[PDB]
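Structure, as structure tokens:
All chains are named by letter (A, B, ...) in the order of the sequence lines, taking the proteins before the strands, and each is independently numbered beginning at 1. Just so it is clear, the values below take in all heavy atoms, side chains as well, and ignore hydrogens, waters and symmetry mates.
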Amino acid sequence: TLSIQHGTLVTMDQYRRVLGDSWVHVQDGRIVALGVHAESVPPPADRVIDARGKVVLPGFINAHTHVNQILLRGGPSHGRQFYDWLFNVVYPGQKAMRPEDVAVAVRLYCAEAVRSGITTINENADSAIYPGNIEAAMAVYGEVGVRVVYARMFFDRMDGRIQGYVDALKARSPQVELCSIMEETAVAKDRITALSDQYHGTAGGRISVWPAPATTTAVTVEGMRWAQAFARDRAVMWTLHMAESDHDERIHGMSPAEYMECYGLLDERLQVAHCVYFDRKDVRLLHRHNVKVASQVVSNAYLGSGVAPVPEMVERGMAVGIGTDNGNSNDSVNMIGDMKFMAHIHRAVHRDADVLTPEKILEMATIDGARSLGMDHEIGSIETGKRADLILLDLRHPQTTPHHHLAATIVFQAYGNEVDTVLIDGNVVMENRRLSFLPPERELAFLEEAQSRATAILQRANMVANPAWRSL
Amino acid sequence: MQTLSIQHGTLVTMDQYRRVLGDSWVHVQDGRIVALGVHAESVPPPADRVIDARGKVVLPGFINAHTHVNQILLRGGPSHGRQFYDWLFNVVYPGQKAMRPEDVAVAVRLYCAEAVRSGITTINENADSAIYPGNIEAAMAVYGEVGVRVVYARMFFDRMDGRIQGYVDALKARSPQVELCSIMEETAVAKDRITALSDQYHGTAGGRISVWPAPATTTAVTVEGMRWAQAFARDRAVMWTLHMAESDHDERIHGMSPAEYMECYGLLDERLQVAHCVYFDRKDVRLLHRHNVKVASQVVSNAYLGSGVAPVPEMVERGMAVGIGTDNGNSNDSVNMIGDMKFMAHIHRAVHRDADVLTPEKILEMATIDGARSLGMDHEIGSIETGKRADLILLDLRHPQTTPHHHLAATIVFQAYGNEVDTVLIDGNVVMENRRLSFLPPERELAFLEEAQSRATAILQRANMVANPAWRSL
Ligand SMILES: [Fe+3]
Ligand SMILES: [Fe+3]
């Protein structure tokens with residue numbers, strides 16, 4: 001049992017209560033009780049965590065990300081439109097990674113993520129097809145203690161239209177191999193079903209498995225319908241990348257949202273990612289079927305895609321979470337940095353300093369994010385009965401001083417290093433910035449290994465790591 | 001206790017589950033819907049009279065969310081082809097001023113006749129000529145006798161908008177023989193007059209008549225006047241209403257939108273109903289949404305006067321209470337809800353290039369249950385539900401234009417002309433039956449129309465207004 005005491009609790013509960021000098025009691029992975037110190041004595045606990053002078057929040061929820069690609073950041077990944085990045089960087093880089101590289105990628109990602117207060121990660125696994133990768137990744141997620149949705153991507157249909165464009169893009173890095181990860185529909189089903197049977201609900205309920213048809217052009221109608229029915233039969237969600245680029249825009253003369261509507265493929269268990277190339281009608285169609293959304297505001301900028309209509313969706317009460325997207329289209333895994341970006345980009349583009357409140361941005365990173373993953377009954381707020389995914393932030397630093405309104409301070413001032421202590425499913429995963437799965441005496445050597453492995457991955461893939469200085 | 005039973009109709013309830021009940025009945029006791037049922041499962045209670053609706057469709061009465069009644073005598077030639085301010089200064093103000101109380105009584109009856117014939121049972125009358133002696137009394141006597149449910153929103157203007165004067169003179173030169181009028185009043189005088197009007201008429205005619213304060217616009221009324229209206233609505237559990245952003249010259253009250261200006265002073269609240277909202281951006285919609293402001297949309301008039309097209313689909317998708325108003329009797333120029341529904345459906349589809357932008361069901365909701373919500377009256381009217389007032393209309397779809405008919409909302413919105421309403425009940429009283437009006441019987445109808453025609457001709461002569469401009473193709 002664990003008692004967190006004397007903090008300010010930012011509950012994100014139904015009344016958005018903010019409780020000064022208050023406590024939380026945790027038992028068997030759950031929040032069992034809460035109270036105010038002046039009115040009540042906290043129950044006895046095996047241990048007390050002192051949060052005096054600190055702010056307690058629900059853990060941040062990364063609503064859509066791609067983990068293993070983190071080893072491709074730091075030089076190779078920037079300055080390219082989506083498809084250029086995909087074909088010259090992501091596909092070949094992923095392919096050159098071995099299972100032992102994956103294990104290091106995952107631990108590096110989880111170290112950055114937990115340090116920034118992320119406790120749930122929706123991993124869209126585009127490299128699950130390669131032998132050994134699932135097993136390597138899953139062993140590290142389990143050990144680390146993070147809550148993970150492992151959304152297994154598949155592609156079962158050739159999009160032949162885009163080929164002369166692809167060859168031109170490939171000529172930018174001709175020594176880098178063009179890859180294919182297409183699989184037959186029935187093979188994808190069997191592989192995802194077996195993955196779910198083996199890993200879903202493992203690591204004490206912390207790991208889930210979803211089917212992830214990649215896009216409306218890369219997956220057949222049958223494949224998407226299978227994913228849809230699978231989500232329904234197993235009480236999970238299914239997810240798809242929607243309208244991330246201007247070449248996706250026209251699946252057969254209508255938008256991807258329209259196309260899915262025609263086939264009855266929009267439902268309340270679908271979470272779509274991106275939605276940059278969206279019009280009013282598309283928003284209406286998602287709204288009507290209660291589709292969940294993950295917005296990758298930073299990555300949409302990094303890749304030169306654009307700006308999604310998040311304010312419109314939010315004003316319709318839609319469940320919109322925030323994803324950091326790829327470890328190499330951001331290039332950080334920092335929810336607080338992404339929140340600030342979500343606040344500012346929309347203000348700038350609408351010329352409206354009040355287009356999204358910092359409270360609302362904080363909601364997107366917590367309780368609404370949970371809702372976007374279909375997990376809001378279990379996580380995303382500090383409420384009795386929910387899982388004990390909790391973070392303690394210290395605002396006593398120069399950047400976060402002064403602080404009066406907590407959501408404003410967090411969104412507009414915090415850098416992302418203010419998170420001290422992190423609980424996931426009631427287990428202490430970080431304490432005073434010390435990571436339980438990467439102790440301080442191993443941290444530097446681990447980073448050097450990740451650095452070396454990245455350098456080697458890029459050599460095997462024939463990718464340029466450090467292009468010559470260019471001002472224009 | 002007086003009772004009425006409507007039997008064997010198809011009931012388009014607009015209730016919480018949007019039930020459509022075939023061969024079903026409604027029981028009315030003292031103006032109120034007491035019970036409903038399906039004939040195959042239940043026997044209707046005994047009643048003082050049975051109305052047979054066999055082969056007919058029963059709806060809640062239509063709600064005209066925002067209109068100006070007396071101006072109806074200015075249609076038929078004098079009113080069209082002019083932008084808002086041109087129309088306002090060369091037609092509406094001088095036409096209204098030339099009307100006597102006896103003209104007002106005729107205008108009101110004519111309006112109510114057209115309205116009831118088209119299935120309208122509640123009318124939100126924005127009274128811009130309430131300042132002239134005798135007009136209130138003449139109008140109220142007719143509204144009371146007619147039996148319609150009426151919100152009498154008493155407009156006032158207490159502040160000069162000096163900025164628009166050289167524009168006005170130019171506009172006035174289009175009809176120089178028509179005189180420029182002023183209806184300004186001192187703040188304290190407007191307050192006393194509206195208070196006395198409310199004390200005298202609010203809740204009269206069996207609860208059918210209500211009184212609201214109506215500051216005209218954010219440029220024609222002081223902050224103090226708007227705040228008084230706001231507090232008055234709160235203290236008396238009514239609404240207040242204002243015209244917002246109807247034109248491109250209203251747009252800038254002091255370097256921000258009217259919605260912004262009102263937000264600055266705390267003048268947006270849940271008892272405010274705003275009319276028009278054409279010159280509105282995403283921020284304005286957000287502000288209204290945030291404070292649960294009600295909206296009346298005058299889609300036909302916004303076209304007629306060359307204002308434009310309001311963002312109704314954006315407001316509706318946010319769950320806002322948007323009703324449909326027909327607006328002025330002379331900026332439409334009909335008082336026909338079914339016609340205006342069809343226009344609401346189509347203008348938005350055309351401008352968005354989206355054939356499914358608003359369903360016909362949603363349009364019908366705007367004319368009924370959402371309209372009631374826009375007036376703050378949805379607890380009392382707008383659907384066929386137990387406890388609500390018996391404002392009910394019977395439509396006959398056995399006409400060429402409404403054949404075939406399967407989906408009723410689509411049939412009503414896209415096919416009906418507006419003459420298919422047969423019978424109208426308001427507060428449980430039969431105001432029209434088989435198209436015969438209780439306050440304008442068939443043997444008087446033609447002579448009454450001739451008197452309205454003469455009076456209109458004479459009003460236009462007294463005002464020096466051109467009734468019938470020479471044929472012009474271009
Ligand atoms: Fe992505
Ligand atoms: Fe009006």
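Within the 6.0 Å centre-distance limit, the rings of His68(B) and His66(B) are counted as a close aromatic pair.
Within a 6.0 Å sphere centred on CD of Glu251(B), heavy atoms belonging to other residues, nucleotides or ligands number more than 12. By the 6.0 Å contact criterion, CD on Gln401(B) is enclosed, its count of non-hydrogen atoms from other residues, nucleotides or ligands being greater than 12.
Using a distance-only test at 3.5 Å, with no hydrogens or angles considered, a donor-acceptor pair links the side chain of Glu420(B) to the main chain of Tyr417(B).
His249(B) pairs by the ring pair (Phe, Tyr, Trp, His ring centres under 6.0 Å) definition with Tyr167(B), not counting sequence neighbours. Not counting sequence neighbours, the partners of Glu261(A) by the salt bridge (charged side-chain N to carboxylate O under 4.0 Å, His left out) test are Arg288(A).
Residue pairs meeting the ring-ring contact (aromatic ring centres under 6.0 Å, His included) criterion with at least one member in residues 314-355 of chain B, sequence neighbours excluded: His346(B)-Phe414(B).
Looking only at atom types and distance, the side chain of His291(B) has no donor-acceptor partner in the side chain of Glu270(B) under 3.5 Å away. A donor and an acceptor atom, one from each side chain of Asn302(B) and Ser307(B), are nowhere located under 3.5 Å apart.
Each of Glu365(B), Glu385(B), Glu361(B) was evaluated against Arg18(B); a single residue qualifies, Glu365(B), per the salt bridge (charged side-chain N to carboxylate O under 4.0 Å, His left out) test. Here the options are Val310(A), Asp282(A), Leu286(A), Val291(A), the test is side chain to side chain contact (heavy atoms under 4.5 Å, CB included), and the partner is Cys275(A); only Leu286(A) passes.
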request  = Carefully, step by step, assess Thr326(B) and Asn64(B) under the rule side chain to side chain donor-acceptor pair (under 3.5 Å).
outcome  = CA-CA 7 Å; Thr326(B) 65; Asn64(B) 192 344; 2.9 Å; yes
(Q) Apply side chain to side chain donor-acceptor pair (under 3.5 Å) to residues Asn70(B) and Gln96(B) and explain how you reach the verdict. (A) CA-CA 8 Å; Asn70(B) 297 179; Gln96(B) 290 281 65; 4.8 Å; no
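With respect to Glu260(B) and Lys283(B), a salt bridge is recorded, a charged nitrogen being found less than 4.0 Å from a carboxylate O. With respect to the salt-bridge test (charged N to carboxylate O, under 4.0 angstrom), the residues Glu312(A) and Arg318(B) qualify. At a threshold of 4.0 Å, the pair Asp354(B)-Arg280(A) does not count as salt-bridged, since none of the basic side-chain nitrogens sits closer than that to a carboxylate oxygen.
Ring orientation note: the planes of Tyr85(B) and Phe89(B) are close to parallel, at an angle under 30° on the 30°/60° scale.
The side-chain heavy atoms of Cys112(B) and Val146(B), taken from C-beta on, include a pair separated by under 4.5 Å.
The two residues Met315(B) and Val285(B) have their closest heavy-atom pair at CG-CG1, 4.2 Å.
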